[PDB]
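One-letter residues, chain by chain:
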Amino acid sequence: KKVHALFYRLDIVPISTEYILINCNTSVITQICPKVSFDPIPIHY
Amino acid sequence: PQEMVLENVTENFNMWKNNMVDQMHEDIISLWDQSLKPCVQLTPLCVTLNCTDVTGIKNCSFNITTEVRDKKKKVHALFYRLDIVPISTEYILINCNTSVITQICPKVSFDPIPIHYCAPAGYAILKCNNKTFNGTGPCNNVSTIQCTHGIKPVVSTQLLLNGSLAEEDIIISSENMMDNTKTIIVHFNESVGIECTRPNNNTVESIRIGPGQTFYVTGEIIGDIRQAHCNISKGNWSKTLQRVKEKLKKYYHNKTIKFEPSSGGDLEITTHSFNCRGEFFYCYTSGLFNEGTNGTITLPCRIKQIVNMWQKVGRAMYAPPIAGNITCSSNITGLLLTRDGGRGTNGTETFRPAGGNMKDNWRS
Amino acid sequence: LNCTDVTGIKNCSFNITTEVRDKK
Amino acid sequence: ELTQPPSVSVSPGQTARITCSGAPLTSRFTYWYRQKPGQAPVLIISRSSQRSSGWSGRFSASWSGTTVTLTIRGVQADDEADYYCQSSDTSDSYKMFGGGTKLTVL
Amino acid sequence: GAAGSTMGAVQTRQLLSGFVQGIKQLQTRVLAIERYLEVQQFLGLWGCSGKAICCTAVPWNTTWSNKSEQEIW
Amino acid sequence: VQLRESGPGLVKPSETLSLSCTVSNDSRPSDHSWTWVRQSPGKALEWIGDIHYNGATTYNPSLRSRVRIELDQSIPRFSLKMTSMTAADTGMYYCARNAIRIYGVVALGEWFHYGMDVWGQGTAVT
Amino acid sequence: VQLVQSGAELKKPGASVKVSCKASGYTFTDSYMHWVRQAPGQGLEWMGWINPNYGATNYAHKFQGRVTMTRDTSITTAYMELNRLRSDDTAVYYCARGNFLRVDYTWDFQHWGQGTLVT
Amino acid sequence: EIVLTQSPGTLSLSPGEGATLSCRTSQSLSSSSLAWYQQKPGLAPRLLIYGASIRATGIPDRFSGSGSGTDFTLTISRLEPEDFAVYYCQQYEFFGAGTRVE
Ligand SMILES: *[C@@H]1O[C@H](CO)[C@@H](O[C@@H]2O[C@H](CO)[C@@H](O[C@@H]3O[C@H](CO[C@H]4O[C@H](CO)[C@@H](O)[C@H](O[C@H]5O[C@H](CO)[C@@H](O)[C@H](O)[C@@H]5O)[C@@H]4O)[C@@H](O)[C@H](O[C@H]4O[C@H](CO)[C@@H](O)[C@H](O)[C@@H]4O)[C@@H]3O)[C@H](O)[C@H]2NC(C)=O)[C@H](O)[C@H]1NC(C)=O
Ligand SMILES: *[C@@H]1O[C@H](CO)[C@@H](O[C@@H]2O[C@H](CO)[C@@H](O[C@@H]3O[C@H](CO[C@H]4O[C@H](CO)[C@@H](O)[C@H](O)[C@@H]4O)[C@@H](O)[C@H](O[C@H]4O[C@H](CO)[C@@H](O)[C@H](O)[C@@H]4O)[C@@H]3O)[C@H](O)[C@H]2NC(C)=O)[C@H](O)[C@H]1NC(C)=O
Ligand SMILES: *[C@@H]1O[C@H](CO)[C@@H](O[C@@H]2O[C@H](CO)[C@@H](O[C@@H]3O[C@H](CO)[C@@H](O)[C@H](O)[C@@H]3O)[C@H](O)[C@H]2NC(C)=O)[C@H](O)[C@H]1NC(C)=O
Ligand SMILES: *[C@@H]1O[C@H](CO)[C@@H](O[C@@H]2O[C@H](CO)[C@@H](O)[C@H](O)[C@H]2NC(C)=O)[C@H](O)[C@H]1NC(C)=O
Ligand SMILES: *[C@@H]1O[C@H](CO)[C@@H](O[C@@H]2O[C@H](CO)[C@@H](O)[C@H](O)[C@H]2NC(C)=O)[C@H](O)[C@H]1NC(C)=O
Ligand SMILES: *[C@@H]1O[C@H](CO)[C@@H](O[C@@H]2O[C@H](CO)[C@@H](O)[C@H](O)[C@H]2NC(C)=O)[C@H](O)[C@H]1NC(C)=O
Ligand SMILES: *[C@@H]1O[C@H](CO)[C@@H](O[C@@H]2O[C@H](CO)[C@@H](O)[C@H](O)[C@H]2NC(C)=O)[C@H](O)[C@H]1NC(C)=O
Ligand SMILES: *[C@@H]1O[C@H](CO)[C@@H](O)[C@H](O)[C@H]1NC(C)=O
Ligand SMILES: *[C@@H]1O[C@H](CO)[C@@H](O)[C@H](O)[C@H]1NC(C)=O
Ligand SMILES: *[C@@H]1O[C@H](CO)[C@@H](O)[C@H](O)[C@H]1NC(C)=O
Ligand SMILES: *[C@@H]1O[C@H](CO)[C@@H](O)[C@H](O)[C@H]1NC(C)=O
Ligand SMILES: *[C@@H]1O[C@H](CO)[C@@H](O)[C@H](O)[C@H]1NC(C)=O
Ligand SMILES: *[C@@H]1O[C@H](CO)[C@@H](O)[C@H](O)[C@H]1NC(C)=O
Ligand SMILES: *[C@@H]1O[C@H](CO)[C@@H](O)[C@H](O)[C@H]1NC(C)=O
Ligand SMILES: *[C@@H]1O[C@H](CO)[C@@H](O)[C@H](O)[C@H]1NC(C)=O
Ligand SMILES: *[C@@H]1O[C@H](CO)[C@@H](O)[C@H](O)[C@H]1NC(C)=O
Ligand SMILES: *[C@@H]1O[C@H](CO)[C@@H](O)[C@H](O)[C@H]1NC(C)=O
Ligand SMILES: *[C@@H]1O[C@H](CO)[C@@H](O)[C@H](O)[C@H]1NC(C)=O
């Protein structure tokens, strides 16, 4: 299936108009889960 | 590591019904599984391989899904003939259709460093200091210790390498010598030098197969394709073996004591295997156990990359290659044997080397 | 899945990536 | 048994392709020697290395299938001589020569 | 150190302090704690909370392999 | 390296030919196979057979019954005894040094012939 | 324990037989597969055992060099190949699983297969 | 090398009788090293006693045995019609010739 998406220029690197997502060939990108908030709540020790 | 001698104490030791071997085995399995979790898995590399002759080495060309997934790249690699099986010139990596190959991680050395075993609170370890102690029965005087000596967890098949020498005399052991399904361990009190080497000038090529996953292959050997050999000295060997023969005369009914090569079986047991710098050697021992002066007993060896030791159904191990040559100097301190049975008469006992059942290597 | 009648059972034919990955 | 043509003819300054064919040549190296009338043979194509099988001079050898071609760049009148190929059988049981090719210069 | 020594002619100084001094090595330490509590509780229930040697109010039966003091100590 | 031969020369039918071969100015005779070949007038070279300083010997399959080869004699020597030679099969006999380049452990068969590197002056025999 | 052996046939001098002892329903890897030769109306004999996880095999002094015992673990079927049979090889052949399979550590052959009476 | 001789005789008996069988060992081995086997006429042999005193599963109570060192013995109290078959004493590796009961 062909899809479209708006990516910032800092999130892609060239390889013309052909690009790839940045840090694909060095790292394994992991999407931050929706419906789980990452708010910095106060943490006591 | 404290030691204290225990005067007037006799204890019935048992090398065979021990539990530290059954814990050392499982702890080697656990550490080898844990250490190979953040490493590459060569499931994408199970593809058809166009392999031609470069000897026992095949130049194999194949295609892969590169770091950009909708692009395919053709690459080359030198694979040994033992690491591929046919399906012509089309091959696949051995044990793909039964196991999940896992590349051994570079920049994490798998050297067998010495490992002590310290007892927990409320327990203790008794060590038997009697020099002629074969492994079973009473001990003259013992010593309670916290931590054991440095136990190198070596991997071998027929010759125990880099072990602990016997203090004064050769030590022979079995559960029951008249039982033939039970490996006879023999400890040398004198080390025998053994220098071995892979003389091929490999060049390692990195193949990117994913996001941060790299697959290291051999490629473009430079110079002559020489054979890996394993040298032993004919001087010290057969002297130590004559001593072993003399000692095995007494522990049976009087008969001539003499040696035969290994029986049929997996190249994992028919040949003295080990692990030198991550390269897995499989050196034939037919030149050692077949019947006297100074010289060399140079043994042919076969290098295997995809190896599955401590056989786990569904797992393998691709040992990565190394540029340049390597050398393998070690000290034979042991010898594993077995006894042929039957009503063979003639008063000669045929002892063959025996392999497998890895716990024996840590019973020594 | 190309499924036809064999009832509540369907004979379904389909293709897969076998043990050799570049063969279907 | 080795076999090669009785003779090959080429004019001065061009190149002649003496061919030698046989059964064991698909697995073993093919050495070549040059013999003058009366004078002893000499070694012209040798096995310097295990894999490269190289040469240094105007002579060369090309391998393909069961036939090996001696190739002599820059033929001269001095090169007019017999040429003998050699292969060492399927195993190391005996060495054996070919029928010889007389290169004539026109 | 006194394993082979006869009963006649040290417990607190040397042997007793050695009963407390991943998931595997955590299980073996919790088990060490359980054995120390399952011995200390037994001693406390036998009126021996703070002392190592106890004389007790149970007489020594003749059926428990009766041997003289000379033979034993 | 030089090879110099010595023999009767005038050999009649039904007689045993003998041709010794001295080897001179050779530093390591052990690392070269020593062989005999022959060339009759108008015929290609025929291989008699070779010997080594280890003791391994190999003759031509359809000449071996006639020929045998001699061994080292301090001064590097090797010879050729050809029983039952006929005047129908004569020629020009050559000593030759099938050299050996060793690249690995020679026990494991890690060697290859450099070819007949040096040739003797040769003697015609009948 | 199910052991399903193969069928027999008289083999002429110089032939080769390949008898099988196809197992089912247990841990095949942790199980020896000893072979036993029944002489005709006579005492038995021990051909040899085969550890199937490594193939480590030991034959008898009588048949050392004439026999070979392969094993297959994928289909959990052990093999026994006998070359160079003579007419004096008249016997029956069974496969016994024991040697610590049962409680006792010593060789205690319990389950046996179906027999194979190659003459 | 461990020689396992067996006693002679054919034991011409009827059902309901007893039977004493014996097997000798050439070296001082313990009781664990010897076992006993029923040898049927043309069927698969089965095991009775392993260890010279421990019975096997699916075996009636009429068979007992004992022995240490040499002269190991098997005794059957009630010979049923199926029990008139051959009986083998197994060592580590060498089987026995087999004493006969008619
Ligand atoms: C076990 O035991 C063995 C002995 O049993 C130990 O030693 C081995 O011994 C053999 C002889 O028995 C040694 O052979 C020698 O090998 C070298 C070959 O040189 C190689 O390396 C060179 C790298 O620079 C390379 O140049 C060489 O040649 C190649 O390239 C040229 C280019 O033109 C080409 O012509 C060649 O064909 C090759 O392609 C080659 O790769 C050599 O030194 C020796 O021969 C010369 O040397 C001596 C004096 O220098 C002389 O006497 C000879 O006549 C000749 O001039 C010889 O052949 C072998 O090398 C040893 N093995 C190893 C691995 O090195 C062995 O080491 C023991 N093993 C262990 C682990 O201890
Ligand atoms: C029985 O016991 C013997 C003796 O311990 C073992 O032999 C040693 O094995 C070790 C481990 O493999 C060898 O160590 C390796 O040596 C190589 C050569 O090192 C020399 O050369 C380099 C320059 O190239 C110098 O820097 C260095 O000081 C030495 O002079 C190196 O290639 C190896 O380094 C690699 O591994 C280390 C991991 O520690 C990494 O940090 C490095 O980056 C690199 O990848 C390594 O040091 C040692 O040489 C062997 N000794 C001998 C005398 O041969 C046997 O292996 C053992 N037997 C068995 C069966 O296990
Ligand atoms: C390892 O060493 C032990 C001793 O430390 C050996 O034990 C010995 O075993 C044999 C039998 O296998 C004993 O022989 C017999 O023992 C009985 C008593 O058990 C006795 O009545 C007999 O007369 C006979 O002696 C022997 O006594 C026993 N001990 C000694 C000190 O020799 C063991 O066999 C050794 N095994 C190996 C494989 O190295
Ligand atoms: C413990 O050591 C003692 C000696 O201190 C051994 O007793 C004797 O040792 C000598 C010398 O090796 C042997 O010839 C004797 O046969 C030994 N006696 C006995 C009764 O065996 C003792 O055997 C040693 N223990 C072990 C297990 O080896
Ligand atoms: C290993 O044990 C052997 C066997 O006891 C020792 O060899 C003996 O060495 C002495 C040295 O004085 C000789 O008198 C004996 O004749 C040797 N025995 C045999 C059977 O040859 C050897 O010395 C021991 N090695 C070490 C390092 O202690
Ligand atoms: C193995 O082969 C490599 C191939 O590169 C050799 O490395 C070369 O060594 C020569 C020595 O004359 C240098 O001139 C080159 O620059 C080197 N090339 C590179 C890329 O480093 C290496 O020496 C060979 N090893 C052995 C033991 O022969
Ligand atoms: C094999 O054992 C010998 C001793 O029997 C080892 O040689 C010693 O090695 C140490 C290493 O620290 C040196 O300090 C000593 O000087 C050596 N002693 C002698 C007498 O040479 C040898 O290293 C061992 N081999 C291996 C590969 O570990
Ligand atoms: C691959 O990663 C490197 C850093 O390791 C980066 O510099 C390079 O741009 C990447 N490749 C491509 C094609 O973007
Ligand atoms: C393997 O590669 C060669 C390269 O010349 C090619 O001709 C051949 O067809 C390939 N084999 C297969 C099975 O694709
Ligand atoms: C691999 O993929 C390339 C894609 O260009 C194709 O040309 C080649 O035939 C394929 N070959 C093999 C052997 O997988
Ligand atoms: C007792 O063990 C010690 C350990 O230091 C040893 O030196 C001594 O020789 C042993 N005793 C005997 C009688 O062997
Ligand atoms: C092995 O590699 C070293 C490193 O350059 C080189 O010095 C040595 O000659 C090589 N030897 C062999 C036998 O490959
Ligand atoms: C399903 O299989 C049948 C087999 O005859 C074929 O004709 C049909 O086209 C297939 N259906 C699809 C959707 O591919
Ligand atoms: C599945 O793959 C095969 C490849 O030969 C193709 O012929 C077939 O049409 C494909 N069909 C379906 C239904 O996925
Ligand atoms: C061992 O027994 C002897 C008997 O004379 C005694 O003197 C010695 O003290 C005893 N050992 C210990 C550690 O008490
Ligand atoms: C103590 O001895 C008496 C003697 O009559 C006996 O009845 C009693 O059971 C013994 N007690 C124990 C705990 O054994
Ligand atoms: C041997 O040959 C060498 C080749 O360099 C030559 O220099 C030398 O003079 C010769 N020696 C003899 C004694 O002929
Ligand atoms: C698949 O695995 C089996 C063992 O389960 C092996 O014998 C067979 O060779 C493998 N298949 C191929 C095509 O190699």
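Residues numbered from 1 in each chain as written, not as in the entry; some residues may be left out. Chains lettered and ligands numbered in written order. Part of a larger assembly, values for the part shown. Heavy atoms only, no water.

As recorded in the entry header, the structure was determined using cryo-EM to a resolution of 3.40 Å.

Enquirer: Residue-level account of the site of ligand 8, with values.
Expert: All names here are of chain A. Near ligand 8 the following residues occur: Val13, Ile15, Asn25 and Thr26. Protein contacts shield 38% of the accessible area of ligand 8, which totals 360 Å² for the unbound molecule. Of the residues that constitute the shell around ligand 8, the class distribution is 2 nonpolar, 2 polar and no charged. (Near = heavy atom within 4 Å. Areas by Shrake-Rupley, 256 points an atom, 1.4 Å probe, with all protein chains shown as cover. Nonpolar A, V, L, I, M, F, W, Y, C, P; charged D, E, K, R; others polar.)

Enquirer: An account of the interface of chain B and chain A is needed here, citing residue identities and associated values.
Expert: On the chain A side, the residues contacting the 5 residues of chain B number 6 residues. Both faces considered, chain B and chain A share a buried interface measuring about 470 Å² in area, 63% of it formed by carbon and sulfur atoms. There are 0 salt bridges connecting chain B and chain A. For the pair chain B and chain A, the number of links is 1 residue pair in polar contact. (Contact = heavy atoms within 4.5 Å. Buried area = accessible area lost by both parts, 1.4 Å probe. Salt bridge = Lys/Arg side-chain N within 4 Å of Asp/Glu carboxyl O. Polar contact = N/O pair within 3.5 Å; in protein donor to acceptor, adjacent residues only side chain to side chain.)

Enquirer: Break down the interface of chain F and chain D for me, with residues and values.
Expert: Every contact between the two is made by 23 residues of chain F and, on the other side, 23 residues of chain D. Both sides of the chain F and chain D interface together cover about 1,900 Å² of buried area, and 62% of this is carbon and sulfur. Among the elements of the structure, strand 3 (32-39), strand 5 (57-59), strand 8 (91-102) and strand 9 (111-119) of chain F are those that each provide at least two residues to the side of chain F that touches chain D. Looking at side-chain class alone, the side of chain F that touches chain D contains 13 nonpolar, 7 polar and 3 charged residues. (Helix = DSSP H or I, 4+ residues; strand = E, 2+ residues; numbered from the N terminus.)

Enquirer: Describe the site of ligand 7, listing the residues and the values that go with them.
Expert: All names here are of chain B. Every residue lining ligand 7 is accounted for by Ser191, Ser329, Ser330 and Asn331. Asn331 has a polar side-chain atom sitting 2.3 Å from an oxygen atom of ligand 7. Burial of ligand 7 by the protein chains amounts to 21% of its free accessible area of 590 Å². If one sorts the elements of the shell around ligand 7 by residue count, strand 19 (residues 324-339) sits on top with 3 residues. Grouping the amino acids of the shell around ligand 7 by side-chain chemistry returns no nonpolar, 4 polar and no charged.

Enquirer: Any chance you could break down the packing of aromatic side chains for me, citing the residues and the numbers?
Expert: Enumeration according to the criterion identifies 29 aromatic pairs over all chains in this entry. Aromatic pair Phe215 of chain B and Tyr318 of chain B: ring centres 5.0 Å apart, planes at 55°, arrangement tilted. For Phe215 of chain B, a relative accessible area of 0% puts it in the buried group. Aromatic rings pair up to connect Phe188, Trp237, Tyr252, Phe259, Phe289 and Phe351 of chain B into one cluster. Here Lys304 of chain B stacks its cationic end above the ring of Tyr282 of chain B, 5.7 Å away from the centre of that ring. In this structure, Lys18 of chain G is placed above the aromatic ring of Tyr79 of chain G, and the distance from its NZ or CZ to the ring centre is 4.4 Å. (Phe/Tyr/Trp six-rings, centres within 6.5 Å; stacked < 30°, edge-to-face > 60°. Buried < 20%, exposed > 50% of the residue type's maximum accessible area, 1.4 Å probe, protein only. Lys NZ or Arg CZ within 6 Å of the ring centre and 35° of its normal.)

Enquirer: Please give an account of helix 2 (residues 239-250) of chain B that cites residues and values.
Expert: All names here are of chain B. Compared with an ideal rise of 1.5 Å per residue, which puts 12 residues at 16 Å, helix 2 spans 18 Å between its outermost C-alpha atoms and is within 8% of the ideal. What helix 2 keeps buried is the set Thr240, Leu241, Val244, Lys245, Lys247 and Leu248. Looking at the buried positions of helix 2, the neighbouring elements they touch are strand 11 (171-173), strand 12 (184-208), strand 15 (256-259), strand 19 and strand 20 (348-353). (Expected span 1.5 Å × (residues − 1).)

Enquirer: For the pattern of salt bridges, give the residues involved together with the corresponding values.
Expert: For the structure on display, the rule yields 31 salt bridges over all chains. A salt bridge links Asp82 of chain D to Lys102 of chain D; its shortest N-O distance comes to 3.9 Å. Of this pair, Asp82 of chain D sits in strand 7 (residues 82-87) while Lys102 of chain D is found in strand 9 (residues 101-105), placing the two residues 20 residues apart along the sequence. With relative accessibility at 17%, the residue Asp82 of chain D sits in the buried group. Since its relative accessible area comes to 26%, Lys102 of chain D is described here as partly exposed. A salt bridge links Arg62 of chain H to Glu80 of chain H; its shortest N-O distance comes to 3.3 Å.

Enquirer: Give a description of the sheet that holds strand 7 (residues 77-85) of chain F that names residues and reports values.
Expert: Residues and elements named next belong to chain F. Strand order in the open sheet formed by 4 strands is 1-2-7-6, with antiparallel pairing between adjacent strands. Of all strands in the sheet, those with a lone pairing partner are strand 1 (2-6) and strand 6 (67-69), marking the two edges. Taking the axes of each pair of neighbouring strands and ignoring which way they run, one obtains an average angle of 20° across the sheet. The pairing of strand 1 with strand 2 (residues 15-24) spans 5 bridges and is antiparallel. The partner of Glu5 across the bridge, within strand 2, is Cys21. (Pairing = 2+ DSSP bridges. Axes fitted to C-alpha atoms, helices over the stretch in contact; angles between N-to-C directions.)

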